[PDB]
Amino acid sequence: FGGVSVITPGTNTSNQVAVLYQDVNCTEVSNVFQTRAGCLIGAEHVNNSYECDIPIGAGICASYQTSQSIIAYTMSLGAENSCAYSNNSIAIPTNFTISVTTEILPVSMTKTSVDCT
Amino acid sequence: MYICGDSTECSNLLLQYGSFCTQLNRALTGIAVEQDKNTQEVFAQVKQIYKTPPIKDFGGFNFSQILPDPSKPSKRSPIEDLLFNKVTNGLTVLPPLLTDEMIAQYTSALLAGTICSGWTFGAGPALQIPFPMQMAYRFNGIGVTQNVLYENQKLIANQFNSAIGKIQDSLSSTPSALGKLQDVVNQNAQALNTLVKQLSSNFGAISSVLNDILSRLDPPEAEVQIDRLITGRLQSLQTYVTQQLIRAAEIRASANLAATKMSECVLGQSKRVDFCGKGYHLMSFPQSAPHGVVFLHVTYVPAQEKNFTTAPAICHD
Amino acid sequence: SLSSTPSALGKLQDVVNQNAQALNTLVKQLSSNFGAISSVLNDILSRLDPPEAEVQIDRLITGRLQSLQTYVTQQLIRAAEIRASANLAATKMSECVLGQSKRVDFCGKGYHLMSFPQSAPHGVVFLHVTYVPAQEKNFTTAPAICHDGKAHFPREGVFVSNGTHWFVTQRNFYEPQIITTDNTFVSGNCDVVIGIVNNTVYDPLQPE
Ligand SMILES: *[C@@H]1O[C@H](CO)[C@@H](O)[C@H](O)[C@H]1NC(C)=O
Ligand SMILES: *[C@@H]1O[C@H](CO)[C@@H](O)[C@H](O)[C@H]1NC(C)=O
Ligand SMILES: *[C@@H]1O[C@H](CO)[C@@H](O)[C@H](O)[C@H]1NC(C)=O
């Protein structure tokens, strides 16, 4: 009795969709991918990891990629970097920049009143 | 399905009520989304993954109990392994977006960055620094000179390694050490066991089983008994969702506090008293735990004192 | 960035949309029967004899009251969420607009310099100005320098080497200076510090 979810690139991108059966095995329900989050039909699974676009669950995300189709993948967590630990060397800035960022917070709710009668 | 499972007549009566099921489904969807936002905000604070260095002895400091153990199927630290081992109708449970392995990977990246870059990697590019010098800066941050750390470097490293071993023994020894997470799990388990148990009540109906009402009574009476069951189940779902919204708000507040502690103490040295452990804060290390985060707070605490006579100033010339 | 990316302001739009949906839902509930012969009170009163109408009206009363209590409860919870957000915004206003915060990532990524408030519909937007390192170089270092048998430590800085000479710099910006008795302090001998490097320390008084 699991739910059915529709995964779409969006109306203004493509009319192709993938359908996720949240807990139904693909044997009970052609680009049919069984995941820990359910049976995903219509997305093509690839080995390459990408930044998460449309989340599915359990580490699996989907996106619309190049001919064009919906691709299912295990999400990338971040860029790689070299820790480069050394016991005799330090990295020190030689130049700097000034960065300005934006933080947006709600402060108030629309004030309403409802007469019970 | 909860109110009118496998019953066309009940569903048809349920459609006479307003959009209660839509509101309940939206509330639960919103909660699930918030839970994934909470996980990302607490753990996905740094979008660059740092590798574990090839060694554990950084200036004499042994980090083998906090860094992932590559020899085990689960790429978890001994402490994370212990933390995971200690914590254990129309109802569907959705998986998290970030798996336990992904959370462990974020924790590992944070530990690698802290060990080789100190707080620098959390406020700009990562800049490599020798660990004893990172500690020297952390000691200066609490009003202690660099000579104290360097002259006592072996003593400090030994105290640190012993303290970590004590953490592993303390967590193993006390069943209640992780009580907060078990309490969250138990409260949600009770909420669902209660919600399921509500289906067995009559609520004044001729029978608690919808199929008995349908098979025993003609529609002119069956609709009345069904309406009684609909009222009982709908009230039970509204109560459940309301309690879930309140608990979700509590969890959100906890996640916000955890994210604040992560960014202020793991990615920096905090001067806020008792914000990150008792004593003068030196550094913190995150560890993943089921449905939560464990912070190891490393602090400087005075150990021995002597009484001296003092004066506000010296008079000379 | 704000002009070209409308999703940037999603946090405020969602609050507006959530309250709009709640009000529309509250209105929509008036069209439901809740088991009554009609959603309109006047149709029940005109179609049924008083004692029958009383039952149908009481059923509609129960349905509408349940819907109104549901609305109020979700408004109380959402209001609590807004209160928490407003308290965070006030904290940031007091600590970053009216001061220089030392809390990491409290007011922007990088080291905090300043912030500026801006008014927004049903909220506040903070522009956080931070100092961010842009370029870096790797230098050889040492915890202390050994000179005349004593150990020299920086007073406010780090000792660096450029491959042939030792200099002392500030920690957050490369600015090499000659290592002197004014830039460093002396504590202990050359035997205790691990990794001490032999180097000259300049005494400004010796030439004069
Ligand atoms: C530092 O970076 C800025 C970037 O705006 C650049 O204009 C400037 O020339 C750089 N200066 C040095 C000394 O690297
Ligand atoms: C670190 O400690 C563990 C035991 O806690 C030990 O097995 C390991 O050899 C130690 N490593 C170093 C480098 O001291
Ligand atoms: C280090 O700096 C000094 C002073 O500028 C200079 O004389 C020397 O050649 C430099 N050495 C290297 C290896 O760059």
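Here chain C follows Swiss-Prot for its numbers: 937-1144, in order, are the residues you see.
Looks like electron microscopy, 3.3 Å, at least that's what the header says.
Here the Cβ of each residue, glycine as well, is placed from N, Cα and C on the backbone.
Summarising the annotation, Swiss-Prot assigns disulfide bond to C:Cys1032-C:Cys1043, C:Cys1082-C:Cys1126 and lists experimental evidence as the type of evidence. Taken from Swiss-Prot, the feature N-linked glycosylation site covers C:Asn1074, C:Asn1098, C:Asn1134.
Annotated features taken from Swiss-Prot, shown on the structure.
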| residue | record | contacts (Cβ under 8 Å, 6+ apart) |
| --- | --- | --- |
| C:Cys1032 | disulfide bond | C:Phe1042, C:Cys1043, C:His1048, C:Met1050, C:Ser1051, C:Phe1062, C:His1064 |
| C:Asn1074 | N-linked glycosylation site | none |
| C:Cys1082 | disulfide bond | C:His1088, C:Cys1126, C:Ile1132, C:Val1133, C:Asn1134, C:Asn1135 |
| C:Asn1098 | N-linked glycosylation site | C:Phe1075, C:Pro1112 |
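In this structure, the disulfide-bonded residues under consideration are C:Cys1043, C:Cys1126, and the one with the smallest number of other Cβ atoms within 10 Å of its Cβ is C:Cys1126. For ligand 3, the nearby recorded positions are C:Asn1098; that is, of C:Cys1032, C:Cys1043, C:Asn1074, C:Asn1098, C:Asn1134, these have a C-beta under 6 Å from one of its atoms. Note on C:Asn1134 (N-linked glycosylation site): other Cβ atoms within 10 Å of its Cβ, all shown chains, come to 10. Checking the recorded positions C:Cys1043, C:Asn1074, C:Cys1082, C:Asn1098, C:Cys1126, C:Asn1134 against chain B with a Cβ-Cβ cut-off under 8 Å leaves C:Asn1074. Proximity to chain A (Cβ-Cβ distance under 8 Å) holds for none of the recorded positions C:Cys1032, C:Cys1082, C:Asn1098, C:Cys1126, C:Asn1134.
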